[PDB]
Participant: 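Structure below; questions to follow.
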There are 2 protein chains.
Amino acid sequence: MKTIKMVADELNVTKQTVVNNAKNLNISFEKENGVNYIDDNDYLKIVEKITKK
Amino acid sequence: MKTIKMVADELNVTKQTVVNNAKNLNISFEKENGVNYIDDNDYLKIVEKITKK
DNA sequence: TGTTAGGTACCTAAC
DNA sequence: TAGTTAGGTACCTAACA
């Protein structure tokens with residue numbers, strides 16, 4: 001439901017920063033018609049990690 | 001020898017415009033490492049089509 | 001161990 | 001109908017942290 005860009009802009013980081021933290025958390029994206037989507041559970045965990053640090 | 005960026009910088013045109021003219025001219029790039037290269041003969045043809053138009 | 005900026009490859013909607 | 005640009009998508013890494 002959330003794309004990388006949507007997440008990146010809520011957190012005010014670059015898209016690659018979203019991708020870098022998603023890989024630190026060994027989160028994997030769902031690709032639909034070529035575009036990554038972040039599941040709502042994985043979303044929260046990404047924001048928690050970018051927020052704390 | 002030439003990358004898409006190099007040619008697009010010479011002609012003061014975007015990279016996709018180089019690619020669009022290359023497909024018009026049935027010009028095949030050579031991809032290595034993950035980077036397209038244009039030989040000088042094909043390179044000569046792209047400048048002709050872009051600068052005449 | 002981390003961001004960002006700036007590269008690479010592609011695509012298409014709007015002029 | 002036939003361009004071009006801008007702005008998206010995916011992915012990578014050097015430089016500065």
Side-chain angles (χ1 to χ4, degrees):
Chain A
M1 46 205 286
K2 304 224 142 231
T3 56
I4 296 164
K5 178 173 159 60
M6 287 192 255
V7 177
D9 280 295
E10 286 182 350
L11 301 162
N12 274 347
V13 295
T14 72
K15 281 180 73 185
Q16 192 57 43
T17 297
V18 172
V19 172
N20 288 337
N21 283 269
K23 177 91 219 62
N24 285 157
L25 303 161
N26 298 310
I27 282 164
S28 166
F29 296 145
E30 293 312 297
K31 215 169 290 194
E32 289 161 19
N33 287 320
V35 49
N36 289 303
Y37 292 91
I38 302 174
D39 302 332
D40 205 38
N41 274 155
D42 288 318
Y43 168 64
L44 291 166
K45 199 148 198 93
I46 283 162
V47 317
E48 284 156 23
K49 187 178 179 282
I50 301 203
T51 298
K52 266 299 123 181
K53 308 154 43 148
Chain B
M1 201 265 175
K2 286 233 146 63
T3 65
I4 294 167
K5 222 249 188 196
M6 293 196 255
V7 171
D9 287 338
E10 285 176 340
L11 304 165
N12 191 220
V13 86
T14 70
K15 275 179 73 173
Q16 188 55 44
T17 292
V18 170
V19 180
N20 292 341
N21 285 266
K23 291 202 198 101
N24 289 324
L25 299 164
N26 273 274
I27 287 177
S28 307
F29 295 147
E30 300 101 63
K31 212 199 288 186
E32 211 183 331
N33 161 342
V35 180
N36 290 304
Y37 295 92
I38 319 169
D39 54 58
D40 254 342
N41 290 140
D42 292 326
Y43 161 75
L44 290 184
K45 285 183 292 179
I46 284 149
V47 64
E48 303 170 31
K49 196 199 206 70
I50 290 180
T51 42
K52 252 296 292 192
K53 305 185 54 49

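Order of the sequence lines sets the chain letters (A, B, ...), proteins ahead of strands, with each chain counted from 1.
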Participant: According to a 4.5 Å side-chain heavy-atom criterion applied to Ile, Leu, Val, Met, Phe, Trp and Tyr, with indirect links allowed, do A:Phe29 and A:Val47 form part of one hydrophobic cluster?
Facilitator: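 Yes: a chain of side-chain contacts under 4.5 Å links A:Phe29 to A:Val47.
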Participant: Classify B:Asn21 by what it touches in the nucleic acid, base, sugar-phosphate, or nothing, heavy-atom distance under 4.0 Å.
Facilitator: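 Sugar-phosphate, no base atom in range.
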Participant: Could you see if B:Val18 belongs to whatever hydrophobic cluster contains B:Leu44? Use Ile, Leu, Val, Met, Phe, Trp, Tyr and a side-chain cutoff under 4.5 Å.
Facilitator: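 Yes, same cluster.
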Participant: Which distance, rounded to the nearest 0.5 Å, do you find between the CE of A:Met6 and the CE of A:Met1?
Facilitator: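 Rounded to the nearest 0.5 Å, the CE-CE separation comes to 9.0 Å.
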Participant: Flag yes if A:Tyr37 and A:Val13 sit in one hydrophobic cluster, no otherwise; membership is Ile, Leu, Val, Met, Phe, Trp, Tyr, and two members link when side-chain heavy atoms are under 4.5 Å apart.
Facilitator: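 No, because A:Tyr37 and A:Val13 fall into different hydrophobic clusters, even though each may have its own neighbours under 4.5 Å.
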Participant: Check A:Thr14, A:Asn20, A:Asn21 against A:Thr17 for a side chain to side chain donor-acceptor pair (under 3.5 Å) and give me the one that passes.
Facilitator: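 Output: one option passes, namely A:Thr14.
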Participant: Is the distance from OP1 or OP2 of D:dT9 to the nearest side-chain N or O of A:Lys15 less than 4.0 Å?
Facilitator: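 Looking at the OP1 and OP2 atoms of D:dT9, one of them is under 4.0 Å from a side-chain N or O of A:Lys15.
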Participant: What does the B/S/- profile of nucleotides 10-15 of chain C look like, 5' to 3', with a 4.0 Å heavy-atom cutoff to protein?
Facilitator: SBB---
Participant: Tell me whether B:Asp42 is salt-bridged to B:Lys45, with the criterion being a basic N under 4.0 Å from an acidic carboxylate O.
Facilitator: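 Between B:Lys45 and B:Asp42 there is a salt bridge, with a charged N closer than 4.0 Å to a carboxylate O.
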Participant: Taking CD from A:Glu32 and P from D:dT9, how many angstroms apart are they, rounded to a whole number?
Facilitator: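 Answer to the nearest Å: 14 Å.
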Participant: Regarding A:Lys49 and A:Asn24, is there a side-chain donor-to-acceptor distance under 3.5 Å anywhere?
Facilitator: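 Side-chain D/A pair, A:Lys49 to A:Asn24: present.
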Participant: Can you find a side-chain donor-acceptor pair between A:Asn26 and A:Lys23 that sits under 3.5 Å?
Facilitator: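 The criterion, which ignores hydrogens and geometry beyond distance, is satisfied for A:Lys23 and A:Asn26.
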Participant: Return one dot-bracket line describing DNA chain D 5' to 3' (Watson-Crick or G-U wobble pairs, both distances under 3.5 Å; ( ) same strand, [ ] crossing, | another strand, . none).
Facilitator: ..|||||||||||||.|
Participant: Going by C1'-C2'-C3'-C4' alone, is D:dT9 a north or a south sugar?
Facilitator: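 North, since the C1'-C2'-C3'-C4' torsion of D:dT9 has a positive sign.
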Participant: Using a cut-off of less than 4.0 Å, is there contact between a side-chain N or O of B:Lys5 and OP1 or OP2 of C:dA9?
Facilitator: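 It does not, given that no N or O in the side chain of B:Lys5 lies less than 4.0 Å from OP1 or OP2 of C:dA9.
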Participant: Using the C1' atom as the reference point in each nucleotide, state the distance between D:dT13 and D:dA17 in Å, no decimals.
Facilitator: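 So the two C1' atoms sit 15 Å from each other.
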Participant: Among residues 45-53 of chain B, which residues get a heavy atom nearer than 4.0 Å to DNA chain D?
Facilitator: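 Within this stretch, B:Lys53 sit under 4.0 Å of the strand.
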Participant: Using side-chain heavy atoms (C-beta onward) and a distance below 4.5 Å, is A:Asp40 in contact with A:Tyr43?
Facilitator: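 SC-SC contact between A:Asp40 and A:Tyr43 confirmed.
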Participant: Can you tell me if B:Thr14 touches the phosphate of D:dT5, counting only side-chain N or O atoms and a distance under 4.0 Å to OP1 or OP2?
Facilitator: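 Indeed, a polar side-chain atom of B:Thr14 lies that close.
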Participant: Roughly how far, to the nearest 0.5 Å, is the OG1 atom of A:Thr3 from the CD1 atom of A:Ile38?
Facilitator: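 With rounding to 0.5 Å, CD1 (A:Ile38) is 7.5 Å from OG1 (A:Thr3).
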Participant: Counting only side-chain N and O atoms of B:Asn24, is one of them less than 4.0 Å from OP1 or OP2 of D:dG3?
Facilitator: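 Yes, B:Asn24 has a side-chain N/O under 4.0 Å of OP1/OP2 on D:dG3.
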Participant: What is the distance from CG of B:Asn12 to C1' of D:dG3, rounded to the nearest Å?
Facilitator: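 Value for this atom pair: 16 Å.
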Participant: I need the CG-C1' distance between A:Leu11 and C:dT3, as an integer number of Å.
Facilitator: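 The distance from CG of A:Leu11 to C1' of C:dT3 comes to 13 Å, rounded to the nearest Å.
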Participant: What's the spacing between A:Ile46 CD1 and A:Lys2 NZ if we round to 0.5 Å?
Facilitator: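 Here the interatomic distance stands at 11.5 Å.
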Participant: Could you state the CG-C1' distance from B:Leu25 to D:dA2, rounded to the nearest angstrom?
Facilitator: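 Rounded to whole Å, this separation is 14 Å.
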